[PDB]
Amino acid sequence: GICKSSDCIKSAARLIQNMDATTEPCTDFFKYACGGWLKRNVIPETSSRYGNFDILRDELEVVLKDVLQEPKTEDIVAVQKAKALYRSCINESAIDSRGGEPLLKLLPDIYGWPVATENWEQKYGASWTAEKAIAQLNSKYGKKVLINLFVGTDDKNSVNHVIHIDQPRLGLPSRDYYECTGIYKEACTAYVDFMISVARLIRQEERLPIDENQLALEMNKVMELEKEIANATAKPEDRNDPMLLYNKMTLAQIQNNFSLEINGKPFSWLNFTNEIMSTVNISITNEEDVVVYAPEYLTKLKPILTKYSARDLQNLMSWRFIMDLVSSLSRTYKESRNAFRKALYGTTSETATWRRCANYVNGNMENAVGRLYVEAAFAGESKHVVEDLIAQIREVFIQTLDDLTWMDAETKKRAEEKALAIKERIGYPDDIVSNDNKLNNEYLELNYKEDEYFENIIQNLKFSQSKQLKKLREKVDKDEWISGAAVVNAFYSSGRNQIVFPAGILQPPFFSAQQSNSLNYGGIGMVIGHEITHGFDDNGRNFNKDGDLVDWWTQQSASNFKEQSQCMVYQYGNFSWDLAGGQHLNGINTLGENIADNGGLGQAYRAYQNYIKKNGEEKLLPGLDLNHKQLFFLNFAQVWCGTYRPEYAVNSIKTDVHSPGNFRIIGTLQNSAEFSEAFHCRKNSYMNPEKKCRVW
């Protein structure tokens, strides 16, 4: 009863080549599953993380290249526009020829970069105010500095949009970096050197005098500034409670409760906010309702900003934009980022231009690219099979509610309510293939010149931000997908109560209609349960069946959730990560992902058990002395065969809310009685601790 099909031969070969059978499954299942891969592969110079999963992403880019790189006569305008955008991006000769000129022409439009001008105070300081400058960068270019104001969905009323105020992102990957010692020293040094190098190129290009000492002096004050901001931001661990984060005020309240004085204004929230929203002919009453995500940070800001010049503030503000633009200019400008990206990512070269460009067009025209992708690469009836798997796993979640001892009856009911109400999205929106008019009209207001990449990217920034802003007074569109099709990932949205499985992730090793069921459940099955369980993790349990932030938990059941989940905070917090210098994972920041992983694994396996019940056992795979329960776990694990550059491990231990792949594997299986049954693991073997965490 060995399966001998070509599809079985492909699966088996892949499983064999990745694994190391010389390792005991019960000693370290990651090494058992993945030790073959580890030994054979070295992380590319252009990769910060590399592994089976990242390889799928690499392989998707190859498809994008194929479908973008050749004009076809029947191409509708939406597709012509994406191909032209592609072409403008890969023409390095045209870009190199422009030097930094396309940046220099921009600079006057954001109130300048003082470091890199003469007499900035005379030109710009006159008319400068922080209201105007912050708003310009925000509203025109989508760049949010000092104070992060955005239109988004209303957590407590999911059909509506509202203005939000939050702390800004930083130039370094997390607030931690701004310690600037030890493992962060090189990044902080590279960051300031990067500032300086760019200011120098700009001055050289402007034929201005260059005084290195004054360069160093101005850019160090930028760092000192952003240090204070960083230190003023709230930690992720203090931002993990959506009920606590949601503070709805009026602009009046805001003016009265969070005053700032910049360059001696002081600061008018009404004016700042209108100077943004005026940009889509929208008018803001000092009686406008606003969601304020970071009250404490605004409070802390007041003392900081009062100490700095307009010139100081704009040196940071404009750097934070210029930062992003340099890799879209000529080689000298591209070059200047080298040490910085090495410090953050460990990479010694940039990815191939065509790959960066394929990704850029994908990111900005996700529907046009998704259409070409699914036409090239996506079966068509994958969709129907996946729809049915999702039905199954949803049922298994529902059914499991009854075995869970730590909730009461009523809370279970509402949990089931929320399960039945999750709306699933599989592969791609049929629209993007079937409705040419709609797709064209999405990009109507865009027109790309093939010789002007920089103008094209700027146009995109302006477009996407004008687009987001105008949404204020409009309802949330219930049709809209939260991902393009051409993406190797999946998603849950709490505002929308929606799970999304783009075509991009519906392929081996996760899924094929042609691969064994054990593989499908331990792969895409696990991913489905993961996304579902997000509706019920420490964030998405606070949102109800309709995506509104409202407490549907009893006191006891909510306290019990915390208790059950605390086990995982401790388990994963106790993992130390060699590649990140021996640091422990953050068990709080990874909690939600770890809950989804552990829940999803249990759900998928149950669903497979049920499959076997109903359908009988599957023919075995050749070359593998494993049964299908064992294969389920093998395939599960091999999703995460991979490794990290040390520099990136230091980054993602802070910035990634997922555990690193090896610990996703060890974590979840440590917690699975089923795993330990399958591989006959001794009690208190490493893979089989007596104490096991469970939430869903």
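All residue numbers refer to positions in the sequence shown, first residue = 1. Take the two forms, find the largest set of C-alpha atoms that superpose within 1.5 Å, and that set is the rigid core.
Check your understanding: After a core fit, does 124-132 or 355-363 show the bigger CA gap to the shown form in 5 other deposited structures of this protein?
Key -> When 355-363 and 124-132 are compared in 5 other deposited structures of this protein, the bigger C-alpha shift is seen for 124-132.
**Study point:** 657-665 versus 37-45 - which carries the larger mean C-alpha B factor in the record
**Key:** Mean CA B-factor is higher for 37-45.
Exercise for review: Take the C-alpha B-factors listed in the entry for 678-686 and for 9-17, compute each mean, and give the stretch with the larger one.
Suggested key: Stretch with the greater average CA B-factor: 678-686.
Review point. Whose C-alpha has the highest temperature factor in the PDB entry: 231, 283, 347, 483?
Key: Comparing C-alpha B-factors across 231, 283, 347, 483, the maximum falls on 283.
Practice item. Could you say which of 531, 288, 226, 593 has its CA atom at the highest B factor, as listed in the PDB entry? Key: Of the candidates given, the C-alpha B-factor peaks at 288.
Point to revise | Chain-wide C-alpha B factor ranking for residue 407, given as lowest, middle or highest third | key: For residue 407, whose C-alpha B-factor we compare with every modelled residue in the chain, the answer is the highest third.
Review point. So where's residue 83 on the chain's Cα temperature factor ranking, which third?
Key: Ranked within chain, residue 83 CA B lands in the lowest tercile.
Exercise for review: Tell me, lowest, middle or highest third: where does the Cα B factor of residue 474 rank within its chain?
Suggested key: Its C-alpha B-factor, which the entry lists for residue 474, ranks in the highest third among residues of this chain.
Point to revise | CA B-factor ranking of residue 335, expressed as a third of its chain | key: Middle third of the chain for residue 335's C-alpha B-factor.
Review point. Among the modelled residues of its chain, does the C-alpha B-factor of residue 315 lie in the lowest, middle or highest third?
Key: As the PDB entry reports it, the C-alpha B-factor of residue 315 lands in the middle third of its chain.
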